[PDB]
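Given next, in structure tokens, is a single chain: the form deposited in one PDB entry.
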């Protein structure tokens, strides 16, 4: 069934699984027309497909051309997501195919279930965790590749950089979920935290700065402070 706090261990076991987040697939800017009506202009999006155990991110870039001449785009986006995830699975060798795909929003269950009927042995699951994957476009290098794309394109990243050399996947996913939750609640402050120190750089082949273990503890503490703060700032506590 669904995926909740009772089973954190299953995320980091040796059964291949992927999280799928469709929240950045269909992205628009809303503006006024010359006549004073409102219209949307779509911008490039992405499907965020993540192996939580290995950190492999399958970033499918959704070029705005895919929406041309189409109706009911928010419904189509869920089916387009499903179609691209199914295409990804079929492209992987059998031994790399996932045994479970967990969708971060329940509206994806039926579109994905229907696209994956050829794969009856892959479980399609919802989750109750409130995962902050929508903030993935707050990661500069991810945003950059999506915005620059001129055509449909898949780009492969490791969202954990080299962290698994030193920490476990339960800790890497926890750090990623923490950075992303912070970037989602106050992007400016989150980003100031990550970059205040000019001497800690982001390697060309990485997404996040090269923090030592001590510096990550300080960083992680600061993101908690931020999340807790904003939460007071929000409710007045």
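The term rigid core refers to the most C-alpha atoms you can superpose between the two forms while keeping them within 1.5 Å. Residue numbers count along the first chain shown, from 1.
From this point on, the text means the form solved in complex with a partner chain, which you will not see here.
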Original post:
Given that the partner is absent here, does residue 56 sit within 4.5 Å of its partner chain in the deposited complex, heavy atoms only?
Top reply: no
Original post:
Does the 4.5 Å heavy atom contact test between residue 192 and its partner chain in the deposited complex come out positive?
Top reply: yes
**OP:** Look up in the deposited complex whether residue 69 has a non-hydrogen atom within 4.5 angstroms of its partner chain, and give yes or no.
**Re:** no
**OP:** Examine residue 162 and determine whether its closest non-hydrogen atom to its partner chain in the deposited complex is within 4.5 angstroms.
**Re:** no
**OP:** From the candidate stretches 180 to 188, 57 to 65, 164 to 172, 204 to 212, select the single one in contact with its partner chain in the deposited complex, where contact means a heavy atom within 4.5 Å.
**Re:** 180 to 188
Subject >> Non-hydrogen atom within 4.5 Å of its partner chain in the deposited complex for each of 15, 93 and 231 >> reply: no
Subject >> Sole member of 37, 210, 70, 29 with a C-alpha shift of at least 2 Å between this form and the one not shown (core-superposed) >> reply: 37
